[PDB]
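Close look at the chain arrangement
Listed below, chain by chain, are the residues.
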Amino acid sequence: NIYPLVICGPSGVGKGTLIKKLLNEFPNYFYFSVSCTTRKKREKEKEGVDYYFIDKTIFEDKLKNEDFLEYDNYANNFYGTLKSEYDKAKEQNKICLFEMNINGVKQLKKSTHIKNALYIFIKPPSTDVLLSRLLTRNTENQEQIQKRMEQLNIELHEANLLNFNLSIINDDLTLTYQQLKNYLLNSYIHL
């Protein structure tokens, strides 16, 4: 059984960039988990790639069956990673790579479907930088932007109560990827 790899942290820490480099460099070793969402598919978005776009009724049916490893709600839409994503990774005999926020990780750490996963926490250089990147990529009003700021404060607070196999302050992408890559080479690739 190949232990799944979870790259986690709050939005804005650079998870996406790090994962893309990883997948680009070791394309034959990973199966990138795809999540479900009730949000409407945007123009450039691809079904089965960006997400599995479904509606509220189906999402509710899935929860009813407890088919999720983790579920979340953001900007008035539901998101969740199905246990089946892990099965597909197994089917192809590859490392299942999960991109998650802290709310997701705590659900994975309790999940009975998966076990022995490797958790890599990608931290921001600071809270100020994390919050600033939030405002930068957002054009919201006071009350709403404050809610997202509080959500990020909760993420960091929750992260402090969990244990990760490795934690990296992503100050410099190059250095972060290098530490990440070496860790993964020793954990999965070498020999």
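All residue numbers given refer to positions from 1 along each chain's written sequence rather than to the entry's numbering, and residues for which no coordinates exist are omitted. In computing side-chain properties, one takes all heavy atoms of the structure into account and sets aside hydrogens as well as water. Residues with missing side-chain atoms are left out of burial classes, side-chain pairs and their counts.

**Focus on the sheet that holds strand β2 (residues 30-32)**
When DSSP finds at least two bridges between two strands, those strands are taken to pair. Starting at the N terminus, helices and strands are each numbered in turn, a helix being any DSSP run of H or I of at least four residues and a strand any DSSP run of E of at least two. The five strands are arranged β2-β7-β1-β8-β9 in an open sheet whose pairing can be described as parallel. Every interior strand has two partners, whereas the edge strands, β2 and β9 (166-169), have only one. Pairwise comparison of adjacent strand axes, ignoring direction, gives a mean angle of 20° for this sheet. Sheet topology places strand β8 (residues 118-123) next to β9; four bridges connect them, and they run parallel. Paired with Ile120 across the bridge in β9 is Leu166. Helix axes are fitted to C-alpha atoms over the stretch in contact, other axes to C-alpha atoms as well, and angles between N-to-C directions run from 0 to 180 degrees.

**Here we look at the side chain of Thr38**
Within the secondary structure, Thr38 is located in the loop between β3 (36-37) and β4 (52-53). Polar contacts, as used here, are pairs of N or O atoms within 3.5 Å; protein pairs need one atom able to donate a hydrogen and one able to accept it. Residues neighboring in sequence count only if both atoms are side-chain atoms. Within the structure, the side chain of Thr38 is placed 2.8 Å from the backbone nitrogen of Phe78, a separation counted as a polar contact. Whether two residues are in contact is decided by their heavy atoms: any pair within 4.5 Å suffices. Ignoring sequence-local partners within four residues, the contact set of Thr38 consists of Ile54, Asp55, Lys56, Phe59, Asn77 and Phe78.

**A closer look at the domain arrangement of the protein chain**
These domain limits were set by an automatic method or by a database of domain assignments. Domains assigned within the protein chain are domain 1 (1-33 + 94-189) and domain 2 (34-93). Counting from both sides, the interface comprises 19 residues of domain 1 and, opposite them, 18 residues of domain 2. For the pair domain 1 and domain 2, the summed buried area comes to about 1600 Å², and 54% of that belongs to carbon and sulfur atoms. Reported buried area values correspond to the accessible surface (1.4 Å probe) lost by two parts on association, with both partners' losses combined. Considering only the surface of domain 1 that becomes buried against domain 2, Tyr31, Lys94 and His113 emerge as the three largest contributors, covering 37% of it.

**Digging into the packing of helix α5 (residues 127-136) against helix α6 (residues 142-159)**
Look at α5 against α6: their axes get within 10 Å of each other, and the N-to-C directions meet at 145°. Pair α5 / α6 crosses with right-handed handedness. Each of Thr127, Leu130, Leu131, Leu134 and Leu135 in α5 lies in contact with α6, whose residues at this interface are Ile145, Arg148, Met149, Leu152, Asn153 and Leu156. Considered class by class, the residues forming the contact of α5 with α6 number eight nonpolar, two polar and one charged. Helix crossings are classified by the rotation of the near helix relative to the far one: an anticlockwise turn of less than a right angle makes the crossing left-handed, while a clockwise turn makes it right-handed. Put simply, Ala, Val, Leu, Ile, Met, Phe, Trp, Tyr, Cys and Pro go in the nonpolar bin, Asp, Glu, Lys and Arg in the charged bin, and everything else, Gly too, in the polar bin.

**Brief notes about the pattern of salt bridges**
Any carboxyl oxygen of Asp or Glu within 4 Å of a side-chain nitrogen of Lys or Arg constitutes a salt bridge here. Counted by the stated rule, this structure contains five salt bridges. In this structure, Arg39 and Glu45 form a salt bridge, with 2.7 Å as the shortest nitrogen-oxygen distance. Since its relative accessible area comes to 12%, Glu45 is described here as buried. For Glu85, the salt bridge is made with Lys88, and the minimal N-O distance between the two is 3.7 Å. A residue pair is termed a helical-turn pair when its members lie 3 or 4 positions apart in one helix, as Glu85 and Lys88 do in helix α3 (residues 83-91) at three residues. Judged by its relative accessible area of 0%, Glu85 falls in the buried class. What emerges from the salt-bridge pattern is a single network uniting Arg39, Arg42 and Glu45. Exposure is judged per residue with a 1.4 Å probe applied to protein chains only, and the accessible area is read against the type maximum: over 50% gives exposed, under 20% gives buried, and values in between give partly exposed.

**Notes on unusual backbone geometry**
We note that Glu66 has phi near 60°; this positive angle belongs to a residue other than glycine. Tracing the sequence through the fold places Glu66 in the loop between α2 (56-64) and β5 (68-74). Unusually for a residue other than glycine, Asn76 sits at a positive phi of about 65°. With respect to the secondary-structure elements, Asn76 resides in the loop between β5 and β6 (77-82).

**Looking at the layout of surface pockets**
Size it by volume and the largest pocket reaches roughly 1500 Å³. A 1.4 Å probe that fits but cannot get out identifies a cavity on a 1 Å grid over protein atoms alone, an open set with protein on both sides within 12 Å along at least five of seven lines counts as a pocket, and a residue lines either if it has an atom within 4 Å of a point. What lines the largest pocket is a set of 42 residues, and nearest its centre among them are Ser11, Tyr51, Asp72, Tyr74 and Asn101. Breaking the lining of the largest pocket down by element, the ones donating at least two residues are β5, β6, β7 (95-100), α4 (102-108) and α6. No other element matches the eight residues that α6 contributes to the lining of the largest pocket. Grid points are joined across faces, edges and corners, and a volume is the space filled by probe spheres set on the points.

**A closer look at the side chain of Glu70**
By the element assignment, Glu70 lies in strand β5. Here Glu70 occupies a buried position and makes no salt bridge, while the nearest side chain of opposite charge, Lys15, is found at 11 Å. Of the polar contacts made by the side chain of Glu70, one reaches the side chain of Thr81; its length is 2.8 Å. Setting aside anything within four residues of it in sequence, one finds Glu70 in contact with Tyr79, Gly80, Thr81, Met100, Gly104 and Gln107. Here the positive residues are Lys and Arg and the negative ones are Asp and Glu; neither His nor the chain ends is included.

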